[PDB]
Structures are given as structure tokens and as C-alpha cells.
Amino acid sequence: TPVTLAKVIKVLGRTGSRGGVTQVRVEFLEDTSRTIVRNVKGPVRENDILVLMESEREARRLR
Amino acid sequence: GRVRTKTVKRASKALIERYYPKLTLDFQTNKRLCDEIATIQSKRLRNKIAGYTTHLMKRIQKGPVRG
Amino acid sequence: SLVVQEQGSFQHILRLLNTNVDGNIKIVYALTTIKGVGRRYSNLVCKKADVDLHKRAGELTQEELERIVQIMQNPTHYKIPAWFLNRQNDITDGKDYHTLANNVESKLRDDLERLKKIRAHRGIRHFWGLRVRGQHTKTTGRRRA
Amino acid sequence: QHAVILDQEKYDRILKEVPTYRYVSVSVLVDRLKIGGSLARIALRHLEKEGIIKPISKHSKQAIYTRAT
Amino acid sequence: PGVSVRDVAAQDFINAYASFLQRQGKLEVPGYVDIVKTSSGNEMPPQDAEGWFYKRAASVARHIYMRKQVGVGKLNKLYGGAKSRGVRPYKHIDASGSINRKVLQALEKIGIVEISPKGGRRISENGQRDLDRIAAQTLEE
Amino acid sequence: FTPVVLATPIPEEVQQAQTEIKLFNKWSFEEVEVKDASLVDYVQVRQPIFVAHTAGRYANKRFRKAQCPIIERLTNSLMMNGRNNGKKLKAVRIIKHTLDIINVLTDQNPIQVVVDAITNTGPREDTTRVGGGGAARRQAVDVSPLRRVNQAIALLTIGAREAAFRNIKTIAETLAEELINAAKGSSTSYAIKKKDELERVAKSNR
Amino acid sequence: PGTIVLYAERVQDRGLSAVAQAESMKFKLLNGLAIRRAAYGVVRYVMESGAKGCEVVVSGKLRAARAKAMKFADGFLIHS
Amino acid sequence: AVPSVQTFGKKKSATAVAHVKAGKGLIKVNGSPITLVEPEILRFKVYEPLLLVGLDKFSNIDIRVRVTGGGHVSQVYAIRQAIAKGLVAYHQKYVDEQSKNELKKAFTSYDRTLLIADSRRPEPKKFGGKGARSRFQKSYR
Amino acid sequence: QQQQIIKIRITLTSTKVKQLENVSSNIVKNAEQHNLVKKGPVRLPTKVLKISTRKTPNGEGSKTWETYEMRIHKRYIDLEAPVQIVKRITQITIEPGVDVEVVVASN
RNA sequence: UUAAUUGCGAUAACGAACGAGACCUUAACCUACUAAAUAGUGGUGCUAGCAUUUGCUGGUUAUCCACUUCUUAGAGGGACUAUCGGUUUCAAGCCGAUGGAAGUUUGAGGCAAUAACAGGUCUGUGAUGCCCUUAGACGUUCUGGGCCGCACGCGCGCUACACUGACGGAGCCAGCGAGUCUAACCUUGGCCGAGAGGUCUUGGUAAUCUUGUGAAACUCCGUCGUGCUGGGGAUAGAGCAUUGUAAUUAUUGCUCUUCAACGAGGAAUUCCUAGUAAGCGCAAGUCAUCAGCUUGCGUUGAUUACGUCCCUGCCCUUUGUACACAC
Ligand SMILES: [Mg+2]
Ligand SMILES: [Mg+2]
Ligand SMILES: [Mg+2]
Ligand SMILES: [Mg+2]
Ligand SMILES: [Mg+2]
Ligand SMILES: [Mg+2]
């Protein structure tokens, strides 16, 4: 299964009822200009790099 | 948690306005001159006054300041 | 200080004063299975019998076994200052005894039987199943002991 | 469950199998043989003075041994 | 080639010197050894039989050479540990005073430890002759 | 290079460490590059260290523990569960034994093996109990690369602790059994299965 | 005898003596004088003696069984 | 006459004084050499000031070291610290600054604790809990 | 009675270091102006006395534990002079709170 | 935005006070002042020892010289977030690098406002009103028991269930205190005893002597090899000592021996963010002896997050009220 990499650009804020979840805006270093927001758990910074199984899902729990 | 009491801010604002040619953009000289142009009951409090004054006046070098 | 290898001139489990000593273990901790004998009382008497501690009670000899049973019933005759026995300065004769395995209960029942006879507070505590050593039973040791 | 003494049907297995073991420990011998801990403990003590395997680290409670050559 | 008792690890220093005392055979053991636990914090006597007194002597023999003057009380404190006092928590219990005092007295007979009028017991002129010779042994093989 | 005569004679095995800033005396710190992306900059490489035990001020800020050396990181995660809180000397010797055992097998770089292991066993997608109550739903979340590494180091330790508890086995070899299993990828160890359980639950409730 | 001696002297600026005011508050109330009246008397004298501020707190039941506590203050008082 | 320096090194409770002066390459710590520090796993934990700058900078110096206070590993941190500062202060006063400077950049890049004390200090406990911040276990029932 | 050195040692302790410093600096400067051979002031580790006590006169309340302190500074000053010259400046001007301990050394 | 009604701002409010802060104490540094035989150091007047050709140590301060590096306490200096970078209405501020002993209010406490509770205390008081008692007393004292009695339910605790271990030998390092002439206090050292302990001398009213409290955890090597086993010492019979006038209901300590559940613990629930949690002991309080308790002190020293209103509690604003003794 084609696991793909993603690279954080903006940590848009912290979300989740208990504060655990984070919404960060990531980019793709392969096949660039694809920008998607994701709901992330652990601590994260700017320019961070992470792994996504899938790209066909936005981050939902906003505000 | 670095927010200063009015005692630091009011003294810093009052000090700089009537002593701007006396002050200088360096903290070490500012804390030294403050010992003679003002009466402060603690060195820690005196440093807080001089720390804000050398912080206020860098922004004085960057354009105007209101108040 | 040297290390010697061992060979299997073995014999398996056997009885010992109606107390089946567990095999395949070192002799001192095998003699702990003998009632009225602990780790201390087994270590000393084994050193008296000149036996190596690493015999593992399996490659021993009957000649050493008949030596230690003599030290069991008659320990004072193998250089002990007589403060080391199970029953120090007993009631019956004032002599220091070491009650062996099978009959620790008999002197235990007779001790309580005397306490039951004398009608002392201790003996009444024993029959009622309460705590004799002054331990509080209000909220501890409730269902057992 | 496990053997407690050393005899020829158990000694020859120890000699014929311990070489080509990459790693030998007290528990590995108890896992791969019927010997106990102290029987395993005299194993790593003995066979090194015969020099069949080479010591890399020497520590109490922990065997760190590698086959020689 | 100067070697005091400072340049050998204290682990194999005592092992050699107690074995040096093993072949010497004139340490004057008090005769009640190999049965006493040497500490109320110890629930079973020392495991070694033939040379544990040599271990006790050699370890102690380092202590007077390390220190200035040592009575029985200091050596009593040093070798005691923690006692399993039962269902209650642990506590430091002082060791046995009979052995270590006699250990000092036994090593007095050898000619190793003086009477030390400024305190407890101190090293002798012959006290470090065997020590530095065994120390000279233990570094070079 | 050439031996240097000092009035304090330092042994040959330890005096040679100056020519290359290695581990204790045996293992190197080169070719430790990571095969798996997104974990570089979050596992400590190119900071050569002589020991897994240091007085490291690493919790005063948010990411000082990200620069904490990974061989120290696993020791600190080991030194816990009640009877082993404190006692970092226990942790540093266990890894000193474990690094010996792990290079007995698999002659390659031991730090590279655990670097392979930490990449392999890091919880890759974790659930989140969205909704404030028991009658709620789980939602699958991409895990932070630090949080992947930080959690999984405990998964190596919690597996070897379970293996070493009430068994003939000892903690050093079971750790060296747990690192080789995670590095290979087998689902035979404890950490890989617990990583896989988090993944299989995550895919169900994306 | 002779190893202990006494010199009795008078306190200056009596209005700054918190202890000395307290019995004059105590003595005025033991006669039958009104609690409100005495408490106003003491604070005025203390304030006029140069003090920055004085606070007088009388506590206890007064003409009613359910006790009440009331305060009497002037000037500047600080507490920390 | 004879040139010397004397620097200290402190920890949470430990301290250590070292006297760096001209010699023939001697290290000694409480008499026993640096090779004989305790324990065997922390022996190497003090060699980093030697290893980073080389034994070639120790040709013409002898080092005398005393350590007191704290606990077993705390001295090792204190021993390695005053040793590091002792060399740095020595090479500053009698050698060109770059030799001192090359020591300084090397030590700081690897571990700043060799030339800097660790300002982490204990926090006193508070009534209501056995720890500094830990509290008694209340119940509500 | 003609310049007889006596090895006189003066020990001073107090509870107020402000009052204690006044007295100690006076004897020191008195000997300095009389050009004695002077062992400078040596201040002992200031001992602190602790009494922890529950605030509650009863037992009711949260487990609060107050603790009071007394601070005990201590100094010993040694002088080298004949008896007659030093007794005139010691018997007088002793500031309260400073219990003076003058002793003689025979070393 | 802050830990803060802490500030910037908006602004029918402006200028203030209390509280918060500021302050004080304490921990963190100073090769720069003052010094010290109640502390230490190096040389050595005088010497001494060995392995030796020079390393450590017995020492002496008119039976030597010098000093504060370490220890100490007086005077200060030091941090005010400092410089820079980023971001904010470009404000108050927050993030990071660097330098620095130190950048979480520098860490922590002392104090801590108005109003209130039918909170607790009459069992601290010779602080106290009213009632009761007052000679056969609810006054005062003496003896013995009880407060600890034990089918049960609940709270705070220590020991564990083992190999990250127990046991034996060895290595072996702290800090905060306390201690008697207003007499039997801390006790060193010698002797005897397995041990607890007994006896004789000795220093200390205490930076001097106990004391370097040579604490424990910890480290090295050997015994054990998964077995309720040598994990566990509950329970119980014996003997030996100490404190007390008295130890029986076992005051406690020591030795032999007896050898239970306990195989990590349901619902439920406690505390905690760095020298912190936790492990480990020590010192003091009480105390003639009894700590599994408390207050402190040191040893080893984690994991995890720099967030939110999901539960819980509190506070504010809006709103409803037939509540105001206030659901
Ligand atoms: Mg205020
Ligand atoms: Mg405070
Ligand atoms: Mg009520
Ligand atoms: Mg101390
Ligand atoms: Mg209590
Ligand atoms: Mg309505």
C-alpha cells in the first residue's frame, strides 16, 4: 500500500475536546502544491515531517 | 508571566520622558544612572524599572510611541 | 577457592524421620522441609558432618545421613554453645531441647493444654482462637486468625 | 520438569551442541537443554577453561559469551 | 616501581591477600567462626567457610591503612547494612561486635596493627610490609 | 596513533578511544542514517556520546527530550515500575549487556538496529476518543513523529519487562530479543503487535 | 539583690503605641462607655499623632445575643 | 617557584578540589589512580576530559585530586568537572589562550557540564505530602 | 603589668546580625587603631532553631504546619595586648542582645 | 495577554486605596574585599614510614611559612528575561537561538484584602458570660482496669507477591539536626558476650567530641534457577537483655523455630510536569523505652504535555424566578 510522506507548514491550532488533537497544514514533498489539513495528536513544530496513509480526507473537528 | 505592575510601568514612562537625553539604549548604564536620578527601595525593583525603560526606548527608536 | 565439577552418582527421594525430604535440591534447603528445622539449623549441622555444601542431597551417602540424624536428636555433642536449639531452657527439666519434626505439635498442644489447665488469660485466648500477643483484632485478622 | 544432574546422555549433547551457538546464557541453556540454572552456571564456568568459546564480556548474573573461531 | 595499596582494585586486592593469609595459616581464628551471622541485619551466616575470616581480616586490614585510627565501633558500623525488621520497614542495625574486635585482636598477633594512643587502632611498621608486598604482587603478573 | 607514555598508565583499550569518538569501547556512531523518513531530526544521530547515562536537563521545555540521545532515552524508559524507579545504574548496565548481546548476533551497527526497530514499531495511526463521554466514537489520527518514537521506546521496554517477569529469562537478552524482532518485523514480539493493534483499530474508525 | 535593676521611663509619641492604646480602649469600655464612642476616640488621637493609618476592630456580642464584629478605620493600612 | 592552579567542582552536594601543576603525566584521585575510580561502569565517565583533548596535552603535568560529599555517582560528575576546569584554568594562565580555547569549544560542544556546574537544585518538601510537590492521598470518603 | 601578652579571646553571639556587626566591628577597629597583632573576625555557621507546630489549637482543620525560626550568629575575636589596656574598652559600651564571652588562652 | 481586576487597549468615567505585585526569608554564582587552630589547602622550619629514586600518608603551627580554591559568615556584585531573530491591533506579551552559575513569578515558602460560615475549638489558658456541682463533690489524690476489648463495614499507612530479584562476602559516598554540671544527655575508645546488650575510661554546654553520624538504595564477585522456591514473615511456642516501681493484655530489642494469605489485585478512586514523580534511608518532634506517624534532610533519579472545557469544582456575563431563613 502506497504510504506517502507529508510535511507540516502551519500549526493552525489545537483542537479536540480534551486538547489532545492538533490541526496542522501540511504539504507534500513529492507531487508538490498539494496542501491538506490533518488532525494530529502529538507535539509538532513548523517544517515538521510526518507520514499519512491516505490523502483523501480533510481535518473535520474545527473550532 | 512577565507582565509588570503599574509601579514599574508608570515609573518607567515618567523616567524616560523627563530624562531622555540622560538615558541610553544600553541597560547596564541605564540601571547605573537610575540609582542617582531616582530612589528605589530594592535592586530587583530598580532593575525591573530599568529593564522596562531600555525596552520602551528601543521602540522609541522605531517610530513614535503613544502616551 | 576452587570450582569442582560433579558427576551423577545419584539416588532419588527418600523418607527422613517420617518427613519425605525433597530431592534435586541442596541439602540445607532440603533439610528445611524437615519440620522444626530452618535454614540456620540445617546449615550448621551440615558443616559439622564435613560434607560439601554442593552435594545437592542426591549424590550423598547413607553414612553421612546416619551421622546427621544423630546431630538431629543429639546436637549439643557437636560443638554448639546451646543457644541455637529450637526449645531453649524448657519447662519440663530446664534443659535446652530441639524437638524434631513429627512432634512439634505434641509439645505445642501440651503447652496449650497446660495453659488450658492453669486457666490463664493466654490459654483462654488460645481456645477462643483470638490473638494472644496483644494484637488488636477489632479491625485486623477478622475472618482468619 | 527439568533435569538436575549431569550424565552421559546429557553431557554429550552439551559438548556436541554448544559450539556454533552464537549466544549462550543461563536461561538459553535452560531453554535449549534440560539443565538447571546452576548446571548452566557451571557450564559457562567450565567450558571456557577448555577454551571452546571466547569471552567478550564477563559479568555476574549475566552471560555474554561468543563462539570462538 | 613503587606500589602502595592504592593501585590495585579493592576487589582483587582482598582476594589475593586473603589467599596470602590462606597459605600463611597462622591468623588465630577464635574458634567460634563459621556459625555466627556477624550481624543482626544478616539472617543467615556467611556462605564461605574456609576463608571468610581471611576476607574479614583482609578487608579490615585495608581500613586501618586507609584511615588514621579505627576502633571496633567504626568497623561495626561499616559492615552492617539494612535489617529486614519484619512487617515493619528497614533500618540500619549495627553488626556483631565480637568478631570484628577479635579480628582486630587476631591481626594484632600478626604484627600489623598498633595500639594507637591517639584513638583506636593504627598501622604498624610491619603492618604495610605484607600489604605493599602483596600490592607489588597484585599489579604485576 | 603512537602510544604515549604517561606517569599514570592508562590501559590500551581505553586510551585508543581518542582516535574516534565511539561508544563505550566497541561500537561506532557512523553510517547510522535512517532508512525511514519523517524520523530524521527526531532521533538523536550525529551527536557522538560515550555513555547512555548522563545528567540531562531535557524536560524543562517542550522539545529538549527530542535531542536526548536515543540510547539514553531507552534506559530512562526502562527505569520504572515501582521497584526500579530511580536506579539508572541498573538501566545503563542492562543496555551495556543488551548492546553486547545484540551484536553477538547480527554483526551490524547496534544503534542502527534499534534505529530500524524504533521506525518499525512506532504507533503509525492512533485513535482519538472524540466526544466527551463513554458513549463516544474513536477517530484515527496521524501520529506525531516524536510521539511515534517516544511511545514506541516504552513498547520495547514493556515487552521485555513482561518477558523478564517471573521467568527463567533475564531482561538483557529479552531486550536483545525484542530489538531484533522489532527491527526485522515479525509480529512475534510484544511491541509490534501492540503497534499493529493500534493500526487495526485505527483503520476501522477512520 | 543588686544584679537586677529597673529604669522606668516614658514612651514618647504615645499615639504610635498600639499596645498602650489597647488598654485605654479596654479601660473606657469597663466603665460603661459606649463601644462606638471609645473606638472613634482612639482612632482620632492615633491619626493626629502622625500615623499614616489606624484600624480598630472590636469583636464580641454587643446589646444582642448573636455576636457581631465591627471595624473602625482611618488613613492607609497595608496587610502583606 | 613551582607553577600550579587549584579549581573546584560542585554538584547537588558533592565537591572536588584538583591541583593541576607541572609533572610527568600523573593522575591520582584519593590516592587511587583515575583508572581505579568507583564503580567499573563509571570509570570511563571521567575519561572524557582526557579523551576529547588527548593524552598529548598531559605530557608535562601531574594532577592531585580530592573528592567529598554527595553520593556515589555525584562525585564522578564532580570529579570530571573540576578536572576539566582545572586543565582549562591551567592552560589559560601558563599557555596560549587557544590551547585553553580549543579545550573550551571541544568540551562545550560535547557536554557543557564539564566546565559549568548543573544549577538544578533540590526543592524542599511541603506539609501535606511526603514529596516536594507530591501530596497526601486524600479520600473524600 | 608591663605589656604582658595574655592571648585574650572574645566570643560574640547574638540573634540580630545588625546589632552584632556593630559590636564586632568596634573591637576590631579599636585594636586596629591601637596597632595590635589581630586575628580578624571569624563568623561561625549561623545556627538555626526550628519548631514545627500545628496551627490549630484544636485538631479540626486542614493539616497546616507552621514553623518558627531563631537565628544564632556567632563570632570569636582574638586580641593580643596587656590586660590593663583592653579592660577599659571592654567593661563599657556593651550593646544589648550581644552576650560577651571573654576568655584567656594558654597555648 | 498574564500565574494575577496582571497590563495594553476600548471607554461616561477620571484620579486612587486595599488585595496581586512589590517586600522578606531561603537555594543557585563570585580565582574580586575581610579574615580564620572551632575549616581546609600547599610547601616545609623539625622530622617519620614504606613500595622506592619519588607518590601517598603519622604528625608540629613562638613543638614552622602562606592563603581562601573548597567549608563559613559580614559587605556587596549579579537577573531586569538580557542581545538578536520570528510573530501580535506590529501594544501588552509569548516562541527560539546565543551568552551567562542561573531565563517555568529564577525554584520555593512567610505575610496575604472586603464580606462571610450558626465550620472547629468552653478538652491550652487563672480568656470568658449563663446553667450545674460544692463535703458522701462533677473539686484534689491513691490502687487496679479501660481507652488496645471484637461476628462486622469504611479511611490514612508499612511488608510484599520476585531475576529490573533474594541471600552471603567485598567496595563503600551524604545532608538537615540533637546532645549533661539548672547531672546522668550525645556518646567515642578498651574489655566480655552470637546477638540485643553489660562494664571501665574518654571528648563535647558543642563548626572542636559523638561525626566523615563510613545511612540505605547503589557497585563487584559468588549461592538460587520459576518451584508459593531460598519471594513473604503474618501467626504461635520457647529462651536471652534493656526502660520502667511495674512490660501480665505479649513496651520493645535479640537467637532458634513455627512458615498463612499473598501468583500485581472488581466496581471505584488518589497525587503528580524537573533535580519534580517514584525508590531509598537518615535527622528532629513525641520519648525513660515503643514509628509502620508527622515535619524536614540528603541518595538514585523517570515517563509524558506545553493543551482544553470532555468530566469535576470555582468564578464571571446574559437570562428566568412566585427564592431572600435564599432549592
Ligand atoms: Mg498589598
Ligand atoms: Mg512567595
Ligand atoms: Mg455547629
Ligand atoms: Mg554531614
Ligand atoms: Mg501522630
Ligand atoms: Mg421563565
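Throughout, protein chains are lettered first and strands after them, A, B, ... in sequence-line order, and every chain is numbered starting at 1. Heavy-atom basis, side chains included; hydrogens, waters and symmetry copies ignored.
Counting heavy-atom neighbours within 6.0 Å of B:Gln28 CD, excluding the residue itself, gives a total above 12.
Listed by chain and number, the residues in a ring pair (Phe, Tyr, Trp, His ring centres under 6.0 Å) with E:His92 amount to none (sequence neighbours excluded). In terms of the ring pair (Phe, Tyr, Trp, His ring centres under 6.0 Å) criterion, E:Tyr65 has no residue partners (sequence neighbours excluded). The ring pair (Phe, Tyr, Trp, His ring centres under 6.0 Å) search around H:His19 returns none, not counting sequence neighbours.
In this structure J:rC67 sits in a base pair with J:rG40, meeting the Watson-Crick or G-U test at under 3.5 Å.
No N or O donor and acceptor, one from the side chain of C:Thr139 and one from the base of J:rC150, sit under 3.5 Å apart.
For E:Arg88, the listed nucleotide lying nearest its side chain is J:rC290; candidates were J:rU276, J:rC290, J:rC167. Checked against J:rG225, J:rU52, J:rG119, the side chain of I:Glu60 finds its nearest nucleotide in J:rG119. Distances were taken from every side-chain heavy atom of H:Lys12 (C-beta onward) to each of J:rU300, J:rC150, J:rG237; the shortest belongs to J:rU300.
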Atom pairs under 3.5 Å, N or O on each side, protein against nucleotides 115-117 of chain J: can you list them with distances?
{"residue": "J:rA115", "atom": "OP2", "partner": "G:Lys71", "partner atom": "NZ", "Å": "3.0"}

For nucleotides 239-248 of chain J, tabulate all protein N/O to nucleotide N/O atom pairs closer than 3.5 Å, reporting atom names and distance.
{"residue": "J:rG239", "atom": "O4'", "partner": "C:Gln88", "partner atom": "O", "Å": "3.0"}

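The bases of J:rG136 and J:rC142 do not line up as a Watson-Crick or G-U pair with both contact lengths under 3.5 Å.
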Legend entry - Protein proximity profile, nucleotides 306-316 of chain J - base contact B, sugar-phosphate-only contact S, no contact -, cut-off 4.0 Å on heavy atoms: BBB-B------
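J:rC138 has a negative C1'-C2'-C3'-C4' torsion, placing its sugar in the south range.
A donor-acceptor pair shorter than 3.5 Å can be found between the side chains of A:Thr22 and A:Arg14.
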